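Encoded as structure tokens, the structure appears first; notes follow it.
Computed from heavy atoms alone, side chains included, the values below leave out hydrogens, waters and symmetry copies. A note on names: the letters A, B, ... follow the listed sequences, proteins ahead of strands, and every chain is numbered from 1. For ligands, and for the atoms within them, numbers begin at 1 and follow the listed sequence.
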Amino acid sequence: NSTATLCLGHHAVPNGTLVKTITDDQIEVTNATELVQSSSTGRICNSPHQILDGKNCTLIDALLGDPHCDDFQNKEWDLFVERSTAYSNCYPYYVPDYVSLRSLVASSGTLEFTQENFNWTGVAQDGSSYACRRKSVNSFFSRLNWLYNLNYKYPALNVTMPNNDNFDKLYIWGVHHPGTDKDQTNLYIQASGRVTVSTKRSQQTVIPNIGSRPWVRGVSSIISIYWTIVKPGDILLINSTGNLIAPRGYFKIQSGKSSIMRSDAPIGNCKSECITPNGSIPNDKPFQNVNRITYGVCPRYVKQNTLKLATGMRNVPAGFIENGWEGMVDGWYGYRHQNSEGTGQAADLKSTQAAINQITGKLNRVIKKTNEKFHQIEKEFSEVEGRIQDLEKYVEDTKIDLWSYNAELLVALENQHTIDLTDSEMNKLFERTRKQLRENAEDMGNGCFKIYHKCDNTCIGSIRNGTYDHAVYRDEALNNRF
Amino acid sequence: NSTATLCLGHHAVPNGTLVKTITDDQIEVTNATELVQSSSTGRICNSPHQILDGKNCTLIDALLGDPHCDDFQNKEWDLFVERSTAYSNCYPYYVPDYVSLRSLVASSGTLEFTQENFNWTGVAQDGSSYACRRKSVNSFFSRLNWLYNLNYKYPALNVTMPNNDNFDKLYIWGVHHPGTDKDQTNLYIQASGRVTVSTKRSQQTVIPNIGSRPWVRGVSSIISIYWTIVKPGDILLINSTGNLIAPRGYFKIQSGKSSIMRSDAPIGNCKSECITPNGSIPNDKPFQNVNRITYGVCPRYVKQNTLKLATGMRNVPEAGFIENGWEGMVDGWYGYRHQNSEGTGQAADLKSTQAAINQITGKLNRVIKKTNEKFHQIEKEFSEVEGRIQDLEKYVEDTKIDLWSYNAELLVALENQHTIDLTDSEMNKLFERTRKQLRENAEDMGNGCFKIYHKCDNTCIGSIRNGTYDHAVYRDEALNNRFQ
Amino acid sequence: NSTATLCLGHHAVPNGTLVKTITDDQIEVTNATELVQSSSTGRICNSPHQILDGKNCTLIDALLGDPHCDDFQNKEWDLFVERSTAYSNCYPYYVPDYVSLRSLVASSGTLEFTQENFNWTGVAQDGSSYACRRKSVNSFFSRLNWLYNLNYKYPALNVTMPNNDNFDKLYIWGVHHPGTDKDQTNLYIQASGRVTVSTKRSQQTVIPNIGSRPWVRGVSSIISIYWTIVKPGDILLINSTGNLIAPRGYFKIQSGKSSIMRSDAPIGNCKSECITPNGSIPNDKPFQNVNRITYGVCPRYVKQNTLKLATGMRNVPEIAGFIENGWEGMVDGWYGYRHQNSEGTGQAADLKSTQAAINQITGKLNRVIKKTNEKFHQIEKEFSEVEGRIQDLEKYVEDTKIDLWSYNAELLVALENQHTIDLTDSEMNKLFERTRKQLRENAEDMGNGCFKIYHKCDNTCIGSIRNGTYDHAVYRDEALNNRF
Ligand SMILES: *[C@@H]1O[C@H](CO)[C@@H](O[C@@H]2O[C@H](CO)[C@@H](O[C@@H]3O[C@H](CO)[C@@H](O)[C@H](O)[C@@H]3O)[C@H](O)[C@H]2NC(C)=O)[C@H](O)[C@H]1NC(C)=O
Ligand SMILES: *[C@@H]1O[C@H](CO)[C@@H](O[C@@H]2O[C@H](CO)[C@@H](O[C@@H]3O[C@H](CO)[C@@H](O)[C@H](O)[C@@H]3O)[C@H](O)[C@H]2NC(C)=O)[C@H](O)[C@H]1NC(C)=O
Ligand SMILES: *[C@@H]1O[C@H](CO)[C@@H](O[C@@H]2O[C@H](CO)[C@@H](O[C@@H]3O[C@H](CO)[C@@H](O)[C@H](O)[C@@H]3O)[C@H](O)[C@H]2NC(C)=O)[C@H](O)[C@H]1NC(C)=O
Ligand SMILES: *[C@@H]1O[C@H](CO)[C@@H](O[C@@H]2O[C@H](CO)[C@@H](O)[C@H](O)[C@H]2NC(C)=O)[C@H](O)[C@H]1NC(C)=O
Ligand SMILES: *[C@@H]1O[C@H](CO)[C@@H](O[C@@H]2O[C@H](CO)[C@@H](O)[C@H](O)[C@H]2NC(C)=O)[C@H](O)[C@H]1NC(C)=O
Ligand SMILES: *[C@@H]1O[C@H](CO)[C@@H](O[C@@H]2O[C@H](CO)[C@@H](O)[C@H](O)[C@H]2NC(C)=O)[C@H](O)[C@H]1NC(C)=O
Ligand SMILES: *[C@@H]1O[C@H](CO)[C@@H](O[C@@H]2O[C@H](CO)[C@@H](O)[C@H](O)[C@H]2NC(C)=O)[C@H](O)[C@H]1NC(C)=O
Ligand SMILES: *[C@@H]1O[C@H](CO)[C@@H](O)[C@H](O)[C@H]1NC(C)=O
Ligand SMILES: *[C@@H]1O[C@H](CO)[C@@H](O)[C@H](O)[C@H]1NC(C)=O
Ligand SMILES: *[C@@H]1O[C@H](CO)[C@@H](O)[C@H](O)[C@H]1NC(C)=O
Ligand SMILES: *[C@@H]1O[C@H](CO)[C@@H](O)[C@H](O)[C@H]1NC(C)=O
Ligand SMILES: *[C@@H]1O[C@H](CO)[C@@H](O)[C@H](O)[C@H]1NC(C)=O
Ligand SMILES: *[C@@H]1O[C@H](CO)[C@@H](O)[C@H](O)[C@H]1NC(C)=O
Ligand SMILES: *[C@@H]1O[C@H](CO)[C@@H](O)[C@H](O)[C@H]1NC(C)=O
Ligand SMILES: *[C@@H]1O[C@H](CO)[C@@H](O)[C@H](O)[C@H]1NC(C)=O
């Protein structure tokens, strides 16, 4: 009755979370947060990025001018979305270096086309095919010009086109490979054509190949597609004696943050910085497990499906040496007392705020939203290729393993640090109380002090308030101790 | 009067090991372990991976059907081992994009061949050569069909072969480059041949080169090798007016964990998950220094040859831990020494010993386990100058190794620092728990020992070590001795 | 005043530096150092690397022998510097795989040329052009030999050149593409030429392409450039029926630490291990923000422009101990005592704790990251032409590398600074505890980092505490009388 008990403690919860540290494989803490984004809504948000739904059209088909891709003329994009249902419906073609043409056009982000008055005197223009009907009429790629004989004559073409602008020009052109020699000589009078497209810095020559081919859309022939970039002040020169699928002009080729993505996710009316083929994902967490293919401001892809970051002290469901206090809801640390006036509880705001202030924004010190990716490498492959594809796969797998390691070590280190800093605040609160009490109390060993003098609620409050004067009670307290 | 001294201490060893921390360049600990695997047995274990010893055969020669590689027909592998002694002994050839063909066949992991009934009516088949003898008679690559004129005629070939299966087909074919014009017109009647192999998605045209070549195995000619992959529902279409080295069928091209490795190490009868060109290596350690070229579940290649991970506390060799550690303590990491009315004694503390040990066991397995399972990767050694693509392959690999070497360096320093800190922490916690027990009955002598101001025999000493010491029993006696 | 006050404290400075830790975005410390090199002199030091200023000549032009590059014949280099003002002034050409040829020659580091006597009987040699004037006379590339018909005849060339040396030979050769068909038949007699260059391990065939070209230096034609490497004991074989731009010999091709760099920085007379396009930079710091393109022993490129590494304790602006405040005015140590007794107040530094903290901070980062970054010929990292796939990969690899090293640098500085704060806070607490153990029952903790010593304790007595020789038993009777 002539003494008092003051216990120092911390809070506890009944439903703790296990996290991982350097010290413990699993340790239960009061609170944690997930660092790996692992789910997507399934929709690609049309804000803030300019999304272009390719629908049934690939970018190359929209580039060449497949009639069912006419709506894409001169359109621009931040992200072009190619659907797996896309198909070709014009004259059969193939693109040597399809991958690079697709990449650089996708990164350019525009299909702005400008016609140029090539002088094709001597030959017939605007060749059409039943295999490429546009609005029920035989037609051809909108951006290409199928040249053929004019009155049984195909004179040698030698056409020039300077680049007198301040920008690079992208020229798409082709070479026709007839199925038979009867086709070859009927279209182009010479028994074999030849196309040479050149600039002051390049030369590209194609010899057409007359030969049977597997029928595609009623046609036994095919077109090879090539591209040429003309720098400012340079000159495009097209020299041909047959089989030339001529350009009608140039595409602007820009540099910027545009790219292309293969996805079947629908485009929704929402706003999201990060786009994956699985759909848009939130970018609050530093890491994501949804897809290695991302566009925008995105969490970094890691192999882990979950990484829990401790946001509270160790959960331990007498003072803090024995146990935590589930009943303390207004603070992380606090006091419990037993004196002449009964029992009471009060939280310590100083130590609680110190622990919280260290834990808030903990992760914003090492990992921020510094991962803004636009056009990158391909990370999914449908064809066997070998060397270049091996390297692309190895680079991406090397990157992911390294960030997965970084993510693992970071969470373990930070969680070790969250435990230690919260353990530290508890000991500091205990030491502040001991130094206040001086020779008026003894450490009972369980996180509680035995105060050797009568100490009513105001006296206990003075200790919690930091205004306890040991000199006032030292005479009374030293008398009871010894 | 009658008092007792109780000292808190930790163990020490005479033969400590130097490790590195964040704090110290080198600090001696009681025990440490190596994290870098630096030696190999010298043998490639034939388990658990399916090893195919190429012996004197490269993979491409086994693919084409070099007669001395006939034993490799239709064989499969997880790891194909190419020896530096391999040689070619058939018709002289070269493969444009040899590297990619070798890679994709190696990654497929099988040489399963399927013959197909190509209709070569109009030409002679099964051309043979003195440069490619099989069973001591003129022959040719087993998987290729040397077509040439039939009775002074080589009609233009137009042969089709649809892919009506569920898988991609790999077709290997060739073009013959005769040494002279006499050779060209005698073999193929036309003055210049032409080979066009096409699919619905591809076209490959080759113009043969009539011209002399360095004499190789009695031949001044050569064959160019090409490959074509035919997707399901697609069709192989072959058009030739001479010089076609025709396919006899297709190879299955599978996807899986198969690869190829250049090594001269022998194949032994053992079990080992990790294979390097130097031989199999253990994969218990997280890092290895043997070879950046690995196959299987492997430690990560680092530039360091040794990384010692502390598995024990700081070593302070030979009362109380403030002064020194106790080599004489062999049954625990922490413990008590006392001097009382009954003499002197020593006893270890199980709680603090177990706390430190449990925190250290599996300490590195909390950050890096054997999640490094690699199979077919990029090439990492090169015998020829190539330029751009090889520059990139080298830069990629050197970037990876530097980053992992940095990771390994920082990890060991961090782990060792934390191992030091946690073991030192257990010592201070043990000393403090003892102080809390003694209350006003003892005083800190400053050297890790308490002066207990009352008679405290071995049972009393044991009660302190066991946590059952009641200070109130002796408080009256102790306070009388402390204060005069 | 029959008592004394002994305060334990640490120093403080008026001009602290903000650093970043795991705990705080900004915390002021007594001292810090910059880890990111962010500035350049603007000049490339001509030592210790052998620098070759390309002037107005690219490496490929110096290789082929453009007349205004004649001064570069047979020169060697550690680093070739291409200026953006370089230009070509000979016959118009293009190099298929220009990047690779530039790369492999730059890595070889020499233009040593050795003439060889090819037998070009039957054709005319040393064709010259108005497009390639040398000393105001029509001329040609110094290292190439333009062959054409000799009196209306171009016989088939079949010229051999064995490599009977112990080193590899690099052969540069070309194929001429006339602008018109009549040009083709006037120069060479055949309507179409053919060039086949072969060795025992390679074959290269070129079919010339007749077609108009943009007029360049009076010429509507062009030359394709190719290269061939002939291993020892191998043989170069050149077979042509027209359009061959023949070699005059071979280049020695070495392996070493040579590279090429695009820069407009001037070359100075100084010494610097690290070269960037912006100029030489010091390599004392582990990181640099100047340029991802480096040559030599260089700091690792990071995206950060500054990373400050704490080299001192927390700065706490200013008797009272360390609990309340730090001591501005302590200039001979990091930690120390302030005392107040009968003779007044005094201050003295503690050398043990000061040296302990300092020894732990010096070279702290060299324990984890040294100058293990020595790079020479690497990949290209800036691009003037659109290329697509391969350039996509080179950009992605470098961007991946920089982000990973930028992450490492950010985490390393935050970790190291947190540990520097913690180790210095610890040294302060250890000194305070060492003093508490010395005083025994003669003093009490006042809570502000100070002890109230309950006995008369002049300066010699205080010095004994600082010196570690204070005997508490001497004053215990006097002190206990005052406490209780
Ligand atoms: C070389 O051989 C190929 C393969 O046998 C020949 O191609 C075949 O040519 C015929 C007639 O041109 C094609 O017939 C057509 O088939 C389509 C299929 O739907 C049908 O709708 C048409 O009414 C027509 O009957 C046949 O499809 C085609 N086969 C392939 C695989 O493309 C080629 O003609 C030969 N070259 C010659 C004879 O010069
Ligand atoms: C173009 O020039 C090359 C090289 O000068 C000629 O190749 C050489 O051809 C002769 C045969 O005429 C080869 O000689 C033979 O050598 C074998 C084994 O070495 C020997 O057993 C025979 O009895 C015969 O003497 C010689 O090896 C070969 N040299 C090389 C480097 O391949 C080639 O014939 C010329 N082309 C034409 C169309 O003349
Ligand atoms: C195919 O068409 C092109 C384009 O017209 C022809 O190229 C042009 O050829 C003329 C005559 O050689 C070049 O003119 C020259 O210009 C220089 C300086 O400007 C001047 O000093 C000369 O006296 C002459 O006027 C013209 O530059 C050139 N155009 C280009 C873009 O290079 C080419 O000749 C034609 N080829 C055939 C086989 O018809
Ligand atoms: C396979 O391709 C060849 C290559 O063109 C075809 O041969 C051509 O046939 C016509 C018929 O008069 C000739 O004018 C061409 O010159 C031939 N080419 C050559 C190189 O001589 C061949 O016809 C094709 N396949 C079939 C079945 O005919
Ligand atoms: C490039 O254009 C030139 C100029 O029109 C072509 O040259 C003519 O070719 C025809 C047919 O071969 C000849 O009858 C003329 O005499 C040529 N004229 C001149 C001025 O040379 C040339 O054929 C074209 N080249 C290509 C590859 O198409
Ligand atoms: C602040 O820290 C820097 C770096 O730790 C100190 O600079 C070092 O000073 C010593 C002098 O003993 C030199 O030998 C080192 O070469 C210096 N290092 C560097 C990187 O400059 C500096 O002394 C500290 N400043 C103060 C006032 O203590
Ligand atoms: C390779 O060199 C041989 C000569 O060594 C060339 O063959 C001669 O070619 C001409 C015309 O093509 C014929 O008149 C001769 O009869 C040929 N000689 C022999 C021995 O065949 C051949 O053209 C060259 N090949 C090339 C340059 O591709
Ligand atoms: C627990 O941590 C999360 C993550 O920061 C936070 O949102 C929440 O407010 C914290 N407190 C709780 C759940 O009481
Ligand atoms: C186009 O070029 C031909 C070439 O013969 C020329 O006759 C004609 O005048 C040119 N026409 C125009 C509109 O430039
Ligand atoms: C996202 O899509 C990829 C392939 O499209 C799939 O492998 C992965 O499991 C998907 N993840 C989620 C969370 O939908
Ligand atoms: C040293 O540490 C290793 C690895 O943890 C352990 O296997 C070994 O038993 C230890 N040795 C001693 C003497 O403690
Ligand atoms: C092969 O095809 C040819 C086509 O010319 C046909 O005449 C012949 O009868 C066929 N024979 C066989 C055995 O397939
Ligand atoms: C392993 O073999 C490779 C290739 O011969 C060699 O570079 C490396 O030094 C060897 N290392 C060991 C540890 O055997
Ligand atoms: C050079 O070539 C001519 C004609 O091919 C030949 O007669 C002569 O012997 C050759 N000389 C040498 C040294 O090879
Ligand atoms: C170095 O030059 C590059 C341009 O090549 C520029 O982007 C960079 O900011 C420069 N850095 C410095 C430190 O001057």
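- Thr160(C) and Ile235(C) get closest at one heavy-atom pair: OG1-CG2, 3.1 Å.
- Remark: ligand 1 and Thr180(A) share no N or O pair separated by less than 3.5 Å (distance only, no angle test).
- Inter-residue side-chain proximity for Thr114(C) and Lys169(C) is flagged as unmet; no heavy-atom pair is nearer than 4.5 Å.
- Geometrically, ligand 1 and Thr160(B) share no nitrogen or oxygen pair separated by less than 3.5 Å.
- Proximity of atom 37 (C) of ligand 1 to the protein is indicated by at least one non-hydrogen atom lying closer than 4.0 angstrom.
- A centroid separation of 6.0 Å or more is found between the aromatic rings of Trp327(C) and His11(C).
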Problem set entry | Audit row: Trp173(C), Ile245(C), side chain to side chain contact (heavy atoms under 4.5 Å, CB included) steps and yes/no | CA-CA 6 Å; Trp173(C) 52 276; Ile245(C) 301 303; over 6 Å; no

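- Ordered by chain and residue number, the residues placing a heavy atom less than 4.0 Å from ligand 6 are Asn31(C), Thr311(C).
- The distance between the ring centers of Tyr250(B) and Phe167(B) falls below 6.0 angstrom.
- Using a 30° and 60° split on the angle between ring planes, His176(A) and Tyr91(A) fall in the perpendicular class, above 60°.
- No hydrogens or angles considered: a donor-acceptor pair under 3.5 Å links the side chains of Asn243(A) and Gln184(A).
- Ligand-side atoms of ligand 1 in range of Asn158(B): 1 (C), 2 (O), 3 (C), 33 (C), 35 (C), 36 (N), 37 (C), range being under 4.0 angstrom from any heavy atom.
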Problem set entry | Stepwise ring-ring contact (aromatic ring centres under 6.0 Å, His included) test for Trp120(B) and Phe118(B) | CA-CA 6 Å; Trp120(B) 304 122; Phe118(B) 291 96; 5.5 Å; yes

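- Contact annotation for atom 3 (C) of ligand 1: protein present (non-hydrogen atoms, distance under 4.0 Å).
- The shortest contact between atom 34 (O) of ligand 1 and any protein heavy atom is with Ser212(A) OG, 4.0 Å.
- Side-chain contact annotation: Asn239(B) with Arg194(B), donor-acceptor N/O pair under 3.5 Å absent.
- Remark: of the listed residues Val195(B), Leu147(B), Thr241(B), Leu147(B) is the sole one forming a side-chain contact (heavy atoms from CB on, under 4.5 Å) with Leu157(B).
- Between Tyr171(C) and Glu116(C) the shortest side-chain heavy-atom distance falls below 4.5 Å.
- Residues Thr294(C) and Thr276(C) share a closest heavy-atom pair of CG2-CG2, 4.1 Å.
- The protein reaches atom 32 (O) of ligand 1 closely, with a heavy atom under 4.0 angstrom from it.
- Less than 4.0 angstrom separates atom 25 (O) of ligand 1 from none of the non-hydrogen atoms of the protein.
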Ligand 14: protein N/O within less than 3.5 Å of ligand N/O:
| unit_1 | atom_1 | unit_2 | atom_2 | d |
| --- | --- | --- | --- | --- |
| ligand 14 | 2 (O) | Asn119(C) | OD1 | 3.3 |
| ligand 14 | 2 (O) | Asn119(C) | ND2 | 2.4 |
| ligand 14 | 2 (O) | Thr121(C) | OG1 | 2.8 |
| ligand 14 | 11 (N) | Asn119(C) | ND2 | 2.9 |
| ligand 14 | 14 (O) | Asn119(C) | ND2 | 3.3 |

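- Those atoms of ligand 1 that come under 4.0 Å of a heavy atom in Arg213(A), given as number and element, are 32 (O).
- Among all protein heavy atoms, the one lying closest to atom 27 (O) of ligand 1 is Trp215(A) CG, 4.0 Å.
- A 4.5 Å side-chain heavy-atom check between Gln37(C) and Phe287(C) finds every atom pair outside the cut-off.
- Using a 4.0 Å threshold on non-hydrogen atoms, atom 21 (O) of ligand 1 does not count as touching the protein.
- Considering CG of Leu244(C) and OH of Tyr148(C), their distance stands at 14.0 Å, rounded to 0.5 Å.
- Put simply, atom 7 (O) of ligand 1 has no protein non-hydrogen atoms near it, under 4.0 Å away.
- Side-chain contact, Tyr154(B) with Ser240(B): a donor N or O sits under 3.5 Å from an acceptor N or O.
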